[PDB]
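Only one structure is covered here, and it is reproduced in the block below.
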Amino acid sequence: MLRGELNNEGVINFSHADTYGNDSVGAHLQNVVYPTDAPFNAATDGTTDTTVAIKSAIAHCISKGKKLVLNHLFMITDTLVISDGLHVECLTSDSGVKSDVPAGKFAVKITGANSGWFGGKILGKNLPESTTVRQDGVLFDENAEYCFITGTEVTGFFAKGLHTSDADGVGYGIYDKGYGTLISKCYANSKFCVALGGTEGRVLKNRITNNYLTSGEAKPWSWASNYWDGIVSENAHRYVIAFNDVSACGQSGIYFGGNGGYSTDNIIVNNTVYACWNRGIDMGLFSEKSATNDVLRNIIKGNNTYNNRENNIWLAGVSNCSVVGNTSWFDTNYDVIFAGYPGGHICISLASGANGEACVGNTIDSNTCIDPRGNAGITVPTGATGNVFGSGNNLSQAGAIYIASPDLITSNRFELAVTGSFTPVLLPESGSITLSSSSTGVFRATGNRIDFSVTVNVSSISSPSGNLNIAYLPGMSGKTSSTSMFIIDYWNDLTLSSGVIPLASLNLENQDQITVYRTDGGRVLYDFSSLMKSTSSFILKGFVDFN
Amino acid sequence: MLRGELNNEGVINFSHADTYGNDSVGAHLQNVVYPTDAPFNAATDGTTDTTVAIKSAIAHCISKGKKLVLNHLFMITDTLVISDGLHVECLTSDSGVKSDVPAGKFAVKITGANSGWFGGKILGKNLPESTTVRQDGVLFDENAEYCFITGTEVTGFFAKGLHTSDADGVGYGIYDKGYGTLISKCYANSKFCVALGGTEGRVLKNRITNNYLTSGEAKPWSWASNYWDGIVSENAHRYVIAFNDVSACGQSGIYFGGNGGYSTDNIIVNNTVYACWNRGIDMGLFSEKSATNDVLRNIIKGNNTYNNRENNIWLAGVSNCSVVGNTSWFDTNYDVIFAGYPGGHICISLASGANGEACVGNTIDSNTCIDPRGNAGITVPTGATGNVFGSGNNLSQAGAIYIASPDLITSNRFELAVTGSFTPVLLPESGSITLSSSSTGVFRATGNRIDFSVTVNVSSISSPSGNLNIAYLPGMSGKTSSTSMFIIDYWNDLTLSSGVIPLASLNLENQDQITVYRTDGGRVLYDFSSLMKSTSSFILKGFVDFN
Amino acid sequence: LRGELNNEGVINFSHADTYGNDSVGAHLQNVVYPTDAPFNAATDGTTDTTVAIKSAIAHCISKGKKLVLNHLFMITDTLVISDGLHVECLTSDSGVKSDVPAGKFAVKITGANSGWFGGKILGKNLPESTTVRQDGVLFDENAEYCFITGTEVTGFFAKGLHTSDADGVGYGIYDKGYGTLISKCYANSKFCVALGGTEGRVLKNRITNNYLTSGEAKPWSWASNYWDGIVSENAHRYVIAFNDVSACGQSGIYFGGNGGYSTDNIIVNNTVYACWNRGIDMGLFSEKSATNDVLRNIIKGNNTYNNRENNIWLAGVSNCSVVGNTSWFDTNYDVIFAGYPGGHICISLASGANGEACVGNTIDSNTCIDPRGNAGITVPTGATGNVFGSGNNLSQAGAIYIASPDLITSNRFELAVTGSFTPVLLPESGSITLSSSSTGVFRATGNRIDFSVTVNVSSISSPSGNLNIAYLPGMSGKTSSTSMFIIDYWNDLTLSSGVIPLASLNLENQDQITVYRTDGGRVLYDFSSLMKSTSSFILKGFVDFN
Ligand SMILES: C[C@@H]1O[C@@H](O)[C@H](O)[C@H](O)[C@H]1O[C@@H]1O[C@H](CO[C@H]2O[C@H](CO)[C@H](O)[C@H](O[C@@H]3O[C@@H](C)[C@H](O[C@@H]4O[C@H](CO[C@H]5O[C@H](CO)[C@H](O)[C@H](O)[C@H]5O)[C@@H](O)[C@H](O)[C@@H]4O)[C@@H](O)[C@H]3O)[C@H]2O)[C@@H](O)[C@H](O)[C@@H]1O
Ligand SMILES: C[C@@H]1O[C@@H](O)[C@H](O)[C@H](O)[C@H]1O[C@@H]1O[C@H](CO[C@H]2O[C@H](CO)[C@H](O)[C@H](O[C@@H]3O[C@@H](C)[C@H](O[C@@H]4O[C@H](CO[C@H]5O[C@H](CO)[C@H](O)[C@H](O)[C@H]5O)[C@@H](O)[C@H](O)[C@@H]4O)[C@@H](O)[C@H]3O)[C@H]2O)[C@@H](O)[C@H](O)[C@@H]1O
Ligand SMILES: C[C@@H]1O[C@@H](O)[C@H](O)[C@H](O)[C@H]1O[C@@H]1O[C@H](CO[C@H]2O[C@H](CO)[C@H](O)[C@H](O[C@@H]3O[C@@H](C)[C@H](O[C@@H]4O[C@H](CO[C@H]5O[C@H](CO)[C@H](O)[C@H](O)[C@H]5O)[C@@H](O)[C@H](O)[C@@H]4O)[C@@H](O)[C@H]3O)[C@H]2O)[C@@H](O)[C@H](O)[C@@H]1O
């Protein structure tokens, strides 16, 4: 009669296990599955284990192609596997899971095509002081394709002391090994907040920090800490990391290596990155370079990076990477939050890799560096080649660009100018000339042109005769030149007839020398060394355009 | 039996106030709450005040941890407060609230952690001509944390005439004083469409206009207008504002101050900003600079800005800001939409602040400026220091960069070149030498190099003798150089022995003077003044690398 | 009780019946499934459900309700989403499968704030078929701030070109609307996405038609079922950002230019690769007009690589910027394009197809990588007003290539260009002939050209009077603010003691340098008659040009 009909329509004894006809209420209801509904019957107290109920709800929802909505904060003790394009929706910002999952496994694993998680919380025990507790939050595994997590708070996954393998528990908040994984509008806060090891991910609009600063964990930092990087990337390819707020991390805010990883073609744009205990944006080789360990072709653009202890933007042994349009700065809050533990405090730094590998083919342009201590807003190490340092960089409010060696001026391109000095010597064809130490050389590199001023003051001679070159022009050794232009505009105490004047021209066999010579009517003569006394001076000016 | 059971299960007399067992149909339905359900029983006629019913629903959803969904457009007359992580979901794009909330309060105030509003509409009275009505739309308050409003039409909040305090009703569409607020995929149209006073907000992919151009409000614009900025920002920190379509505003498209405001570290990228009655993108100090009033370290990058009346991109008294890779332009639609009311029509302008504050340490590179009237693509005022104008800037389809005074070329760095002229004079060690007005000087500054050419045509003399200097080199007063090179490639009517040639070298004491001298065999002599007749001429050429 | 359970939607539940607000029935009427009464859509995925789904659509619009598609539903005519309706797919497997015929779309979206979340919109997917022609999702001219998000749109093809849109075109998603949002989608069809509206936003999509793995026979031709990832004509104020665009049968992202007036678009932070034409492609194929041009587009921060016929390509465009992009190749190029070589240039400027010049474009701060050592950037004859910035890094590719030395003064190369010329001498009377050993070198940096000239006479014919060296590349018809030349070497000239050669730019003919000499406290312009058949000198200096 009526009671029988109501049961037939899931109006009473409503279970998701039952078949109802499509015009029934029971059927309409079976489109949305709560784990509290029958036959899953999840607890709602948040203390009793719900792992079994939720796994069944998952598996049902996959089987019948229905939607899963988690309507409480549910305690679990084993990994939940979100697969087969199943979407876990959280009813509110307080729903999700709380994880007593054991070390060695994740709270949640997302895999398959187009699976993911909306909203809520995925919470670990949050005991960073504990010497036993080791957990991991969310994994997108190697099979994840266009999977996602959006709007979710993933916190409290720590693991004190470094793992030896993944089986130990690592302390990942979110670890992505998938293809095309979207992580957006999430809050992630764990030993390693977000770890990237996949391809074509998008990490957009997230808040990322493990708040080392306020943690209470004794300084100094060391490998035993429960507070590492905001983002840590190894074998990460073609990620975009945009619009994130990354601060106060135990190590670096956004890191790519370079340490058993081959990380290439990532784009890091329009992020704020600050107050980190290591580097802000950190691209670096710590393992030695190989076909399977490198950092290449990454674009760092339009970010605002400041007060990061050991440099805001740090490139070590990386190649073909671009740092364009970023504002990198410090203020006296640096001295407060890092009191006792002073860092390098550099806006933008290039350095060799751990095993000596050069920065090659990197492009640094249009950045605004502010360093009120006057540290060099950009630093360049010995060994670096093929890098371009554009003139659109503004270091007026920092120290000028610092280069570790003068040979860098011809082995890279400094459009942002570089100035230095050198001690000139003279090379007569025979005999010797010795120069007073009043004698100076100055040089400025601007792109592929170098300007030179050389003041030569002889202190003594010994039987100098024949041709004469000045030496040695910084950068120019083993280099050639398309054009060059030199004059002598002052001299004293030379043995010259009247209407004989000196002439100067780059030595085309050794283009780090300038040959000095003299007129003689309708020709010139290369006898200048015999016209020199122990009291002679001259001053030479000009420039070279090198190749 | 059956009646008593269906009542126990929520199948009849369904209410969210009842307790039901978890396998009941009632428990299932209670996961989602419509204010039309018992015990809220909101009116659906769109005309009856529902404030009380909706607030009950909201307090219930907070108490019990359930989803709220507005299923109609709902009249209200007091502020709805969305707190405690509650999300308001609008069932369709027609759902939401219509506000008759009175002056001094908002329609919707959002606060706490992870609270927000999806979809639908939030409509003011939309009476911009009214001299009485005053309303405010959505507020995120000082305790809002990672709250959001996404996908929502917020319109019609107006207030004719300026407010004296917030109590008066201001005419904000959306006003964010929160931390980490998201505003995305909204349409905001109100007197101040969007106001920013918080930290780490994300204003993404919105449509922003109060449609001044078609409003019918009588011109000229004045302080009494009901149409002000699209985005108005005071005390805004670490915002990213990206992908917005911003236009036709009564004042500026996107503005930061500087007028009761300490606005720093914001990123404005990839927006389109056009047809505004003040400026496109506007950063300036209207009130005096202080530790609590300033605009610092903002990034303006990749934007398309056009046909804004009083300039596309405007920087006034601001420091350490950048303007990189923007396309800024005008066409003949300027004079249609602004007929009768010409404004600056500059693509990128720097200015002093209102109280004369200098633009310091700004970076302008890689921008394309198109001005078919030939107005300077970029304008630099007197007082600006530490700024860098890159050579990546393309002003070929506009006027060339205009500087207010020549001394700017050595207090800033113009890689984008600046060319001018000056009248040379001769300073003899003794007597006087007077130049014809045919004598010319020209300088071109490129980065920290200035090239010069001077033509010296003497008109008279008065007992000249001793050394000679040409003066004064533009920009070079009180400056020093690391290298330079000058020659004299033409002379006429001078008192020179056979083989004696003129030499020229920068005065190292006063480095805006070029010392002119000549050869005497194996030394040189500084007696050029006396070698000079009243008909003497020479031409000097060279460059100075200044520090 | 049964009468009340009927009156409260607890029994015979239908969206047609009216219930009061406290009823269960009312609560359920907020969310509409087409499988619910009175629509009763089939669930087998093979029965046609058009009538059922359209009825549901009109209903949800009529009553202001939410429509959720809870299965994959076969259709045979266009579903029209209007009046602010959001279609919401219950899961990633729900949606529609289209056997709609040629000349119409599976789903059409229109009016204000209408859209589609999630699921699939799936075509016949028969790209080998010489009959089947379909189109996927249209936003028409009346779409206003509509959207599709979260959706897989695939399998819409049409072998052979259409004559009109009524033939069926092979579009995946086609946007003709204002302020359209296409995001988090997967689009894979003949033309994966097509753009012809205004102020659209195309964000974080995956876009490809997988030509490389298609098995369609090469070479490519107009008969192919694999064209562009993004095709734009009459496209204004789009942002295209965060997309993975790859392996397309024509270009990854294309604006024209071919019956299209496309302006003020921003293309940023996309990855673009392995396409069979160009990566990012902006050009005029039809002739330039007031309704056919491509203007003021921004290309910025992209990573483009191994695109067969050039990574970034501008042809006859104006006011466009290419800034901070990373453009590169590697040896995989030779693998995926074996038997079909292309240009293999990272960034190239060309004329439009009817000879139109690239005007007023901006190239700066790009990193180009080419192991073949092809020119990172190529500039054609005719280009005017372009600025190539010194922030570009080509150290790992070949240096910038210009087709003609004229370019150095009609554009601004801050990225320096070096070249050479044969000098001649131009004596006031007679003739001096130079050895072929004579050389002329130039480098242009900005609006400065630096020159080295070695002049080596081989024979004379009674020369006299003034002397000019000519012709300085680029300087024909130009003027200069400043110049500086010296002569630092000479042999075998007829010069008295204390007479040296001077040189200065010829101010009447500013591609010439006047050579002359000292004579006490004046100079004399008599140098031609001081030369012999074995005379030599070398001239150096620079011109700043206006
Ligand atoms: C700075 C001054 O400014 C003006 O006054 C003048 O220009 C003046 O000349 C000038 O001084 C010169 O500055 C040079 C040094 O520049 C500074 O910049 C460099 C980088 O270019 C350093 O940052 C330097 O700091 C010191 O050296 C570093 C190495 C120390 O940090 C340690 O780094 C370790 C390596 O780890 C990292 O690298 C790997 C890849 O290999 C991964 O990416 C990692 O993620 C990354 O962290 C790290 O393991 C250790 O724990 C340390 O953090 C740093 O402590 C400090 O000692 C900085 O001062 C100088 O060369 C010249 O001599 C002048 O002094
Ligand atoms: C431009 C031409 O190009 C070629 O032909 C040649 O190079 C030629 O030399 C050249 O001319 C010269 O260029 C200068 C012209 O300057 C133009 O650029 C400046 C800025 O650099 C101005 O835009 C100028 O316009 C005038 O001056 C401004 C100030 C007037 O606007 C008023 O501004 C008030 C303040 O408000 C704003 O500022 C505050 C902060 O202080 C906040 O940010 C606000 O939000 C912001 O709106 C405002 O209250 C008033 O209502 C006005 O809007 C403007 O009306 C106009 O008077 C423009 O011409 C010149 O220096 C030189 O003499 C040659 O003319
Ligand atoms: C490359 C070397 O590098 C260093 O070693 C040295 O510097 C050395 O000098 C150097 O050589 C020089 O390279 C010059 C440039 O050559 C290459 O770059 C150009 C562009 O700058 C070309 O890509 C060139 O390839 C040829 O010419 C093009 C036109 C051919 O492609 C065809 O394009 C047709 C039109 O379609 C396109 O344009 C329209 C707009 O009109 C739309 O945008 C379309 O979407 C777009 O596809 C197309 O229909 C046809 O199917 C073709 O694809 C190409 O086939 C090829 O012939 C490339 O080699 C060089 O000029 C100089 O001679 C030196 O050799």
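Sequence lines, in order, name chains G, F and A. Residue 252 is where the first sequence starts when you use the entry's author numbering, and the numbers rise one by one after that. Residue 252 is where the second sequence starts when you use the entry's author numbering, and the numbers rise one by one after that. Residue 253 is where the third sequence starts when you use the entry's author numbering, and the numbers rise one by one after that. For each residue, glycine too, the CB sits at the ideal point set by N, CA and C.
*Would you tell me roughly how many angstroms separate the C-alpha atoms of G:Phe-794 and G:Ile-701, rounded to the nearest one?*
For the purposes of this step, residue 794 of chain G is taken as the residue at position 543 of the first sequence. For the purposes of this step, residue 701 of chain G is taken as the residue at position 450 of the first sequence. Cα to Cα, G:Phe-794 sits roughly 5 Å from G:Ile-701.
*Residues sharing a beta bridge with G:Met-736, DSSP*: Your numbering for residue 736 of chain G matches position 485 in the first sequence. Beta-bridge pairing links G:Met-736 to G:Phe-794.
*Would you say A:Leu-719 and A:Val-767 are within 8 Å of each other, going by their C-beta atoms?*
By 1-based counting over the third sequence, the position of residue 719 of chain A is 467. By 1-based counting over the third sequence, the position of residue 767 of chain A is 515. Yes, the Cβ-Cβ distance between A:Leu-719 and A:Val-767 is below 8 Å.
*In the stretch 732 to 744 of chain F, which residues sit with their C-beta less than 8 Å from some C-beta in chain G, listed in chain order?*
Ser-733, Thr-734, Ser-735, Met-736, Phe-737 and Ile-738
*Among the residues of its own chain, which have a CB less than 7 Å from the CB of A:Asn-626, if the five just before and after it don't count?*
Residue mapping note: residue 626 of chain A aligns to position 374 of the third sequence, counting from 1. If we look at A:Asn-626 and ignore the five residues flanking it on each side, its Cβ neighbours are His-596, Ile-597, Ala-649 and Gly-650.
*Determine the direct distance from the alpha carbon of F:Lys-730 to that of A:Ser-756, and round the result to whole angstroms.*
Counting from 1 along the third sequence, the entry for residue 756 of chain A is found at position 504. Counting from 1 along the second sequence, the entry for residue 730 of chain F is found at position 479. Approximately 29 Å between the Cα atoms of the pair.
*Starting from the Cα of A:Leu-390, find the closest Cα among A:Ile-361, A:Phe-673 and A:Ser-713 and give me that residue.*
Here residue 390 of chain A is taken as the residue at index 138 of the third sequence, counted from 1. Of the listed residues, the one whose Cα sits closest to A:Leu-390 is A:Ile-361.
*Taking just the CA atoms, how far does A:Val-320 sit from A:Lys-376?*
Taking the first residue of the third sequence as position 1, residue 376 of chain A is located at position 124. Taking the first residue of the third sequence as position 1, residue 320 of chain A is located at position 68. Cα to Cα, A:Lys-376 sits roughly 23 Å from A:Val-320.
*Nearest to A:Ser-683 by alpha carbon, out of A:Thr-691, A:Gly-297 and A:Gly-717?*
As a position in the third sequence, residue 683 of chain A is number 431, starting the count at 1. When each option's Cα is compared against that of A:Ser-683, the closest is A:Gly-717.
*Using DSSP bridges, identify the partner residues of A:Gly-698.*
Within the third sequence, the letter at position 446 stands for residue 698 of chain A. According to DSSP, which records beta bridges pairwise, A:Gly-698 is partnered with A:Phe-665.
*At a cut-off of 7 Å, is A:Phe-537 close to ligand 3 when judged by its beta-carbon and the heavy atoms of the ligand?*
Within the third sequence, the letter at position 285 stands for residue 537 of chain A. Yes, ligand 3 has a heavy atom inside 7 Å of this Cβ.
*How far does the alpha helix (DSSP H) with G:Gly-277 in it reach, from first residue to last?*
Here the question's residue 277 of chain G lines up with position 26 in the first sequence. First-last of the alpha helix (DSSP H) with G:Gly-277: 276 to 280.
*Residue-chain proximity (A:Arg-769, chain G), Cβ-Cβ < 8 Å*: Working through the third sequence from its first residue, we reach residue 769 of chain A at position 517. So no, A:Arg-769 is outside the interface.
*Got a sec: is the Cβ-Cβ distance from A:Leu-374 to anything in chain G below 8 Å?*
As a first step, residue 374 of chain A is located in the third sequence; it is residue number 122 there, counting from the start. No, A:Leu-374 does not count as interfacial toward chain G.
_Straight-line gap, F:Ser-642 to G:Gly-628 (C-alpha atoms, nearest Å)_ = Residue numbering aside, residue 642 of chain F sits at position 391 when the second sequence is read from its first letter. Residue numbering aside, residue 628 of chain G sits at position 377 when the first sequence is read from its first letter. The straight-line gap from Cα to Cα measures roughly 20 Å.
*What is the C-beta distance between G:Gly-576 and G:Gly-553, in whole angstroms, given that I count them as a contact (C-beta under 8 Å)?*
For the purposes of this step, residue 576 of chain G is identified with residue 325 of the first sequence, where counting begins at 1. For the purposes of this step, residue 553 of chain G is identified with residue 302 of the first sequence, where counting begins at 1. Indeed, because the Cβ distance is near 5 Å, the residues count as touching under 8 Å.
*asked:* By the three-class DSSP mapping on this structure, what secondary structure does A:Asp-778 have?
replied: As a first step, residue 778 of chain A is located in the third sequence; it is residue number 526 there, counting from the start. Three-state result, A:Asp-778: coil.
_Tell me the DSSP secondary structure of G:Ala-418 in three-state form._
By one-based count along the first sequence, residue 418 of chain G stands at place 167. Three-state result, G:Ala-418: helix.
*For A:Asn-264, collect the residues of the same chain with a Cβ closer than 7 Å to its Cβ; drop the 5 residues on either side in sequence, then sort them by chain order.*
Here residue 264 of chain A refers to the residue found at position 12 when the third sequence is read from its first residue. Contacts found: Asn-258.
*Tell me, please, whether the CB atom of G:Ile-550 is closer than 8 Å to any CB atom in chain A?*
As a first step, residue 550 of chain G is located in the first sequence; it is residue number 299 there, counting from the start. Chain A, which has a Cβ nearer than 8 Å to the Cβ of G:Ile-550, makes this yes.
*How many angstroms separate the CA atom of A:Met-326 from the CA atom of A:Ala-310?*
In the third sequence, the residue the question calls residue 326 of chain A occupies position 74. In the third sequence, the residue the question calls residue 310 of chain A occupies position 58. Approximately 18 Å, taken between the alpha carbons.
*Where DSSP assigns a beta bridge to F:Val-454, which residues make up the other side?*
Within the second sequence, numbered from 1, the residue matching residue 454 of chain F stands at position 203. BP columns for F:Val-454 point to F:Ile-434 and F:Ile-492.
*Just the Cα atoms here: how many angstroms apart are F:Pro-353 and F:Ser-570?*
As a first step, residue 353 of chain F must be located in the second sequence, where it is residue number 102. As a first step, residue 570 of chain F must be located in the second sequence, where it is residue number 319. Roughly 40 Å separates the two Cα atoms.
_Taking its Cβ as the centre, do 16 or more other Cβ atoms sit within 10 Å of A:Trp-474, making it buried, or is it exposed?_
Taking the first residue of the third sequence as position 1, residue 474 of chain A is located at position 222. Looking at its Cβ environment, which holds fewer than 16 other Cβ atoms inside 10 Å, A:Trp-474 is exposed.
_G:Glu-256 - containing alpha helix (DSSP H), residue span_ = What you label residue 256 of chain G is simply residue 5 of the first sequence in a count that begins at 1. Taken as a continuous stretch (DSSP letters only), the alpha helix (DSSP H) holding G:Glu-256 covers 253 to 259.
*asked:* Using a 10 Å radius around the Cβ and a threshold of 16 neighbouring Cβ atoms, would you call A:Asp-582 buried or exposed?
replied: Your numbering for residue 582 of chain A matches position 330 in the third sequence. Exposed is the call here.
*Go through the stretch 343 to 397 of chain A residue by residue and report every complete run of the alpha helix (DSSP H) that reaches 4 residues or more, in order.*
none
*Give a yes or no on whether the minimum CB-CB distance between A:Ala-289 and chain F is below 8 Å.*
Within the third sequence, residue 289 of chain A is the residue found at index 37, counting from 1. Taking Cβ atoms only, chain F never reaches closer than 8 Å to A:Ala-289, which makes this a no.
_Within chain A, the residues that F:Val-262 reaches when beta carbons sit closer than 7 Å_ = Here residue 262 of chain F refers to the residue found at position 11 of the second sequence. The contacting residues are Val-262 and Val-276.
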